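In what follows, a single structure is set out as structure tokens and then discussed.
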Amino acid sequence: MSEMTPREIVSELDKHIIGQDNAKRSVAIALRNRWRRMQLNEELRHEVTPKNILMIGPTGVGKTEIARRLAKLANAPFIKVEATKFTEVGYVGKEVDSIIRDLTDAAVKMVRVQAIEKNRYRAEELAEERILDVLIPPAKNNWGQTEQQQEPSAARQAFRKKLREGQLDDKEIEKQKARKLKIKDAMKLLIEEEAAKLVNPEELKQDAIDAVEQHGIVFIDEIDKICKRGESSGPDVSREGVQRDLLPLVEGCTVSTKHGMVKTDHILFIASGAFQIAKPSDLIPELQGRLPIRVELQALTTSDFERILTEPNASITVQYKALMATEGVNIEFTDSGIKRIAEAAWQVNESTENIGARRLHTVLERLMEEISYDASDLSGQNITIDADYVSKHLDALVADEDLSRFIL
Amino acid sequence: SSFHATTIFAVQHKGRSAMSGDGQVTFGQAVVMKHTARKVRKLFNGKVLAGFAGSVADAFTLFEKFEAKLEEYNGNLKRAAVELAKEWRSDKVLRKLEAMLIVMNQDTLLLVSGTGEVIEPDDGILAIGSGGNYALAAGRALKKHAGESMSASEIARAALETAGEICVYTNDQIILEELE
Ligand SMILES: Nc1ncnc2c1ncn2[C@@H]1O[C@H](COP(=O)(O)OP(=O)(O)O)[C@@H](O)[C@H]1O
């Protein structure tokens, strides 16, 4: 099982989300206040109430990714539903118990794929027993010693080591089979047709169910755009409603679905958004109060950037190096470009409109349009990417405001 | 008849940034209902001075749409100034609205009008409402004349003061605001 202490939770955070400590902090305080529970009895296993979180602040500084990530290391199943959607001011038809239904549909194509390296390496030593079986059969009547089985190997395990270097031969092996095929096929087959025997009844469900149930985490994005305070950001309280609908979810219900009936009850909720338009004080009271833990995030810096450009472990930048290396190019970003790199983000974000950390992403892939293209030429060649570089393909762009409008 | 404008005066001198306004609420032709009202507020973490001229519904109301849009762009008056104009010029209920809006920051200074104007005073003095001109005439007057001899804060105080002195619709009790 998972847990992690408060700080532990944080620290893996600072691994991919620069700054906003306060932020992290809370979310972890929610995720232990979580664990804690379990460890009680039955009374209070069921009278204490997922400490759901309200995420006030500007855009692109990481409310989402703070959640997204928290959850990945919780190893919780997770989904982010935009608040908008349930509005349909195009007037369609939106039901909110859907949300829970998709927090299962990952809670699966999550259980699945998170079962093919736990039970994959367990059955490449079971797809071999099925070819060292057709090239040379362990002659009828095994005289039980389990050590006269590694004794077929007296040539059998000479073919076992010869499966990795010489294949493409015509063979046929044992709703079963009885089929005559070929070996590089078949090798790619059995595998598949073997994960099946790696039992998938009321296990990939029931426990996938447990998934959601135990908990993930839903991040209800934008909540603020669904509540009133008049003028420009009120049509009707034909939005107020979606706060209502919502309630139950957060406030605790069962729900109908596909793989099994699910209990929202204990699910964790993380409600986002910026409120230049209203004020959290402005939710329906009901909601207001299921959002116990409130926290601010604040806009990142120039530095903050620079640092997001490199101190993220998946770093953007690196994404480059490696990507870029693949064509035979070392690439290497100075202190002093990683400086302008940011520097631009910030200047651009300040003239057009500011989209968050977001800009770096675009500013970059643009830096490289040159390199990133010609790359397969540079076969070995290496390049120095630095201020003086940067500014040559940037400055006038960033310069041209109205271009940036289009193309950054 | 109607309630008369309040007079309000903003000025920006030797890098101090200042807004004075009267309290006088002059109802009907001649009648006075109150002698004190706050229509000069501090907005955005004391970062901006804004005085309105008008009704405190209208007043309050505009103010937040200036807020909202100030956040909505991280400190750029001009920008938000504008995008309010658009908003005010268009809205059915405020587009008709008479008075204007004085907005200023650490740096710079703006008239903003129901009608979708946005104005920039060459000389760092703006002024609205009843006695406007009288105080404008005081403002510009002093700055030009005892810039050295007096302050931001001071010059504005005085604007109003003079106003109430020529002006029936302006009165001695002045509210004063400055940024840091
Ligand atoms: N504080 C930050 N530290 C690291 N990366 C960030 C930070 N803020 C934003 N980002 C990155 O830039 C984009 C913004 O993140 P996201 O969480 O979706 O923004 P927001 O929640 O603020 O609307 C994503 O690519 C995100 O991973």
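Ordering of the structure tokens sets the chain letters (A, B, ...), residue numbers begin anew at 1 in every chain, and ligands are numbered from 1 in the order given.
For residue 93 (chain B), the non-local neighbours within 10 Å, defined as residues at least 4 positions apart in the same chain or in other chains and counting only C-alpha atoms, are residues 58, 88, 89, 97 and 114 of chain B.
Interface residues on chain A toward chain B (cut-off 9 Å, only C-alpha atoms): residues 231, 232, 275, 276, 277, 278, 350, 353 and 354 of chain A.
In this structure, CA of residue 26 (chain B) sits 5.4 Å away from CA of residue 4 (chain B).
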For ligand 1, return the neighbouring residues as a ChimeraX atom specification (distance at most 7 Å; only C-alpha atoms and all ligand atoms). /A:16-20,58-66,300,308,312,356-358
Next, the residues of the selection above should be written as a PDB file, in the first residue's frame with C-alpha atoms.
ATOM      1  CA  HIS A  16       7.805  18.439 -11.248  1.00  0.00           C
ATOM      2  CA  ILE A  17       5.987  21.570 -10.192  1.00  0.00           C
ATOM      3  CA  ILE A  18       8.342  24.575  -9.393  1.00  0.00           C
ATOM      4  CA  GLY A  19       7.247  26.590  -6.454  1.00  0.00           C
ATOM      5  CA  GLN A  20       3.687  27.188  -5.065  1.00  0.00           C
ATOM      6  CA  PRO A  58      -4.273  32.595 -12.119  1.00  0.00           C
ATOM      7  CA  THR A  59      -3.957  30.395 -15.059  1.00  0.00           C
ATOM      8  CA  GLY A  60      -1.066  28.125 -16.039  1.00  0.00           C
ATOM      9  CA  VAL A  61       0.741  28.082 -12.754  1.00  0.00           C
ATOM     10  CA  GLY A  62      -0.317  24.772 -11.951  1.00  0.00           C
ATOM     11  CA  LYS A  63      -3.526  24.067 -10.168  1.00  0.00           C
ATOM     12  CA  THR A  64      -4.225  21.194 -12.706  1.00  0.00           C
ATOM     13  CA  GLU A  65      -0.698  19.701 -12.638  1.00  0.00           C
ATOM     14  CA  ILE A  66      -0.460  19.934  -8.957  1.00  0.00           C
ATOM     15  CA  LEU A 300       5.252  32.393 -11.480  1.00  0.00           C
ATOM     16  CA  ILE A 308      10.598  25.274 -14.832  1.00  0.00           C
ATOM     17  CA  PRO A 312      11.491  19.812 -13.517  1.00  0.00           C
ATOM     18  CA  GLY A 356       1.069  30.846 -17.846  1.00  0.00           C
ATOM     19  CA  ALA A 357       4.120  28.658 -17.926  1.00  0.00           C
ATOM     20  CA  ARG A 358       2.277  27.836 -20.978  1.00  0.00           C
TER      21      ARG A 358
END
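CA of residue 251 (chain A) is found 15.9 Å from CA of residue 45 (chain A).
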Applying 7 Å and only C-alpha atoms, which residues near region 383-386 of chain A remain after dropping the ones on its own chain fewer than 5 positions away? List them as a count of residues only. 7
Within 10 Å of residue 42 (chain B), counting only C-alpha atoms, which residues show up once you throw out same-chain ones fewer than 2 positions away? Write them as a list in words, please. residues 39, 40, 44, 45, 46, 47, 48, 49, 50, 51, 63, 177, 178 and 179 of chain B
Per DSSP on the backbone, what are the helix (DSSP H, G or I) residues of region 215-292 of chain A, as a PyMOL selection string? chain A and resi 223-226+231-233+240-251+264-266+280-282+285-288
Include N, CA and C atoms and write out the residues we just selected as a PDB file, in the first residue's frame.
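selection-v1.pdb, written as the output of this step:
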ATOM      1  N   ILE A 223     -14.502  25.653 -11.385  1.00  0.00           N
ATOM      2  CA  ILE A 223     -15.736  25.795 -10.659  1.00  0.00           C
ATOM      3  C   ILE A 223     -16.275  27.259 -10.707  1.00  0.00           C
ATOM      4  N   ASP A 224     -15.490  28.271 -10.327  1.00  0.00           N
ATOM      5  CA  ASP A 224     -15.925  29.673 -10.342  1.00  0.00           C
ATOM      6  C   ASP A 224     -16.756  30.102 -11.532  1.00  0.00           C
ATOM      7  N   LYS A 225     -16.505  29.620 -12.727  1.00  0.00           N
ATOM      8  CA  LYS A 225     -17.335  30.083 -13.818  1.00  0.00           C
ATOM      9  C   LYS A 225     -18.738  29.487 -13.740  1.00  0.00           C
ATOM     10  N   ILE A 226     -19.086  28.795 -12.666  1.00  0.00           N
ATOM     11  CA  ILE A 226     -20.412  28.240 -12.564  1.00  0.00           C
ATOM     12  C   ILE A 226     -21.201  28.871 -11.473  1.00  0.00           C
ATOM     13  N   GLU A 231     -23.628  40.982 -13.774  1.00  0.00           N
ATOM     14  CA  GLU A 231     -22.895  41.736 -14.842  1.00  0.00           C
ATOM     15  C   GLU A 231     -22.416  40.896 -16.120  1.00  0.00           C
ATOM     16  N   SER A 232     -21.093  40.877 -16.408  1.00  0.00           N
ATOM     17  CA  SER A 232     -20.430  40.081 -17.507  1.00  0.00           C
ATOM     18  C   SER A 232     -20.381  38.521 -17.348  1.00  0.00           C
ATOM     19  N   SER A 233     -20.184  38.038 -16.084  1.00  0.00           N
ATOM     20  CA  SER A 233     -20.159  36.590 -15.645  1.00  0.00           C
ATOM     21  C   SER A 233     -21.368  36.030 -14.865  1.00  0.00           C
ATOM     22  N   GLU A 240     -26.049  28.327 -11.730  1.00  0.00           N
ATOM     23  CA  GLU A 240     -26.109  27.994 -10.313  1.00  0.00           C
ATOM     24  C   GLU A 240     -26.370  26.522 -10.252  1.00  0.00           C
ATOM     25  N   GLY A 241     -27.413  26.085 -10.932  1.00  0.00           N
ATOM     26  CA  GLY A 241     -27.746  24.671 -11.035  1.00  0.00           C
ATOM     27  C   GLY A 241     -26.604  23.666 -11.111  1.00  0.00           C
ATOM     28  N   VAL A 242     -25.631  23.914 -11.976  1.00  0.00           N
ATOM     29  CA  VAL A 242     -24.594  22.929 -12.016  1.00  0.00           C
ATOM     30  C   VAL A 242     -23.864  22.839 -10.665  1.00  0.00           C
ATOM     31  N   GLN A 243     -23.720  23.920  -9.903  1.00  0.00           N
ATOM     32  CA  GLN A 243     -23.254  23.715  -8.539  1.00  0.00           C
ATOM     33  C   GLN A 243     -24.200  22.761  -7.883  1.00  0.00           C
ATOM     34  N   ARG A 244     -25.484  22.901  -8.100  1.00  0.00           N
ATOM     35  CA  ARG A 244     -26.365  21.968  -7.422  1.00  0.00           C
ATOM     36  C   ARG A 244     -26.202  20.551  -7.865  1.00  0.00           C
ATOM     37  N   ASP A 245     -26.745  20.165  -9.003  1.00  0.00           N
ATOM     38  CA  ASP A 245     -26.319  18.893  -9.540  1.00  0.00           C
ATOM     39  C   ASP A 245     -25.063  18.345  -8.939  1.00  0.00           C
ATOM     40  N   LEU A 246     -23.941  19.008  -9.171  1.00  0.00           N
ATOM     41  CA  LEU A 246     -22.680  18.629  -8.553  1.00  0.00           C
ATOM     42  C   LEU A 246     -22.835  18.086  -7.122  1.00  0.00           C
ATOM     43  N   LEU A 247     -23.345  18.932  -6.243  1.00  0.00           N
ATOM     44  CA  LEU A 247     -23.415  18.603  -4.853  1.00  0.00           C
ATOM     45  C   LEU A 247     -23.161  17.130  -4.614  1.00  0.00           C
ATOM     46  N   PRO A 248     -24.220  16.364  -4.662  1.00  0.00           N
ATOM     47  CA  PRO A 248     -24.218  14.957  -4.327  1.00  0.00           C
ATOM     48  C   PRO A 248     -22.910  14.336  -4.528  1.00  0.00           C
ATOM     49  N   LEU A 249     -22.328  14.565  -5.684  1.00  0.00           N
ATOM     50  CA  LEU A 249     -21.097  13.919  -5.975  1.00  0.00           C
ATOM     51  C   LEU A 249     -20.279  14.047  -4.784  1.00  0.00           C
ATOM     52  N   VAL A 250     -19.795  15.265  -4.667  1.00  0.00           N
ATOM     53  CA  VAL A 250     -18.967  15.689  -3.568  1.00  0.00           C
ATOM     54  C   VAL A 250     -19.610  15.415  -2.238  1.00  0.00           C
ATOM     55  N   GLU A 251     -20.924  15.605  -2.137  1.00  0.00           N
ATOM     56  CA  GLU A 251     -21.584  15.491  -0.851  1.00  0.00           C
ATOM     57  C   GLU A 251     -21.986  14.072  -0.460  1.00  0.00           C
ATOM     58  N   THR A 264     -19.482   7.452  -4.495  1.00  0.00           N
ATOM     59  CA  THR A 264     -18.744   8.711  -4.613  1.00  0.00           C
ATOM     60  C   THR A 264     -18.193   9.040  -3.296  1.00  0.00           C
ATOM     61  N   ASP A 265     -19.069   8.987  -2.304  1.00  0.00           N
ATOM     62  CA  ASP A 265     -18.749   9.099  -0.876  1.00  0.00           C
ATOM     63  C   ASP A 265     -17.375   9.606  -0.425  1.00  0.00           C
ATOM     64  N   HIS A 266     -16.412   8.721  -0.682  1.00  0.00           N
ATOM     65  CA  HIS A 266     -15.084   8.957  -0.207  1.00  0.00           C
ATOM     66  C   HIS A 266     -14.135   9.501  -1.259  1.00  0.00           C
ATOM     67  N   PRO A 280     -14.898  32.949  -3.891  1.00  0.00           N
ATOM     68  CA  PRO A 280     -15.245  31.589  -3.502  1.00  0.00           C
ATOM     69  C   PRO A 280     -16.404  31.742  -2.620  1.00  0.00           C
ATOM     70  N   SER A 281     -16.429  32.822  -1.848  1.00  0.00           N
ATOM     71  CA  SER A 281     -17.582  33.109  -0.985  1.00  0.00           C
ATOM     72  C   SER A 281     -18.888  32.912  -1.745  1.00  0.00           C
ATOM     73  N   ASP A 282     -18.741  32.695  -3.041  1.00  0.00           N
ATOM     74  CA  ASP A 282     -19.844  32.800  -3.921  1.00  0.00           C
ATOM     75  C   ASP A 282     -20.335  31.514  -4.370  1.00  0.00           C
ATOM     76  N   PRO A 285     -23.898  27.656  -0.740  1.00  0.00           N
ATOM     77  CA  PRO A 285     -23.378  27.348   0.574  1.00  0.00           C
ATOM     78  C   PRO A 285     -23.021  25.900   0.648  1.00  0.00           C
ATOM     79  N   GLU A 286     -23.942  25.086   0.194  1.00  0.00           N
ATOM     80  CA  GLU A 286     -23.793  23.650   0.234  1.00  0.00           C
ATOM     81  C   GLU A 286     -22.333  23.299  -0.203  1.00  0.00           C
ATOM     82  N   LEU A 287     -22.010  23.432  -1.491  1.00  0.00           N
ATOM     83  CA  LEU A 287     -20.640  23.371  -1.993  1.00  0.00           C
ATOM     84  C   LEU A 287     -19.658  24.068  -1.091  1.00  0.00           C
ATOM     85  N   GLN A 288     -19.909  25.334  -0.832  1.00  0.00           N
ATOM     86  CA  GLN A 288     -18.996  26.200  -0.115  1.00  0.00           C
ATOM     87  C   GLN A 288     -18.306  25.412   0.938  1.00  0.00           C
TER      88      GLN A 288
END
For the strand (DSSP E or B) assignment from backbone DSSP, which residues of region 5-139 of chain B qualify? Please present them as a PyMOL selection string. chain B and resi 8-13+16-22+25-26+32-34+40-43+48-52+100-104+109-113+118-119+125-128
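Nearest to residue 28 (chain B) of all the residues B:164, B:8, B:1, B:107 is B:1, based on only C-alpha atoms.
Separating CA of residue 272 (chain A) from CA of residue 56 (chain A) is a distance of 6.2 Å.
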Determine, counting only C-alpha atoms, which protein, DNA and RNA residues have an atom within 7 Å of an atom of region 92-97 of chain A; residues of the same chain fewer than 3 positions away are not included. Present the result as a PyMOL selection string. chain A and resi 86+88+100-101+245-246+255
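Proximity of B:55, B:7, B:170, B:113 to residue 83 (chain B), computed with only C-alpha atoms, is greatest for B:113.
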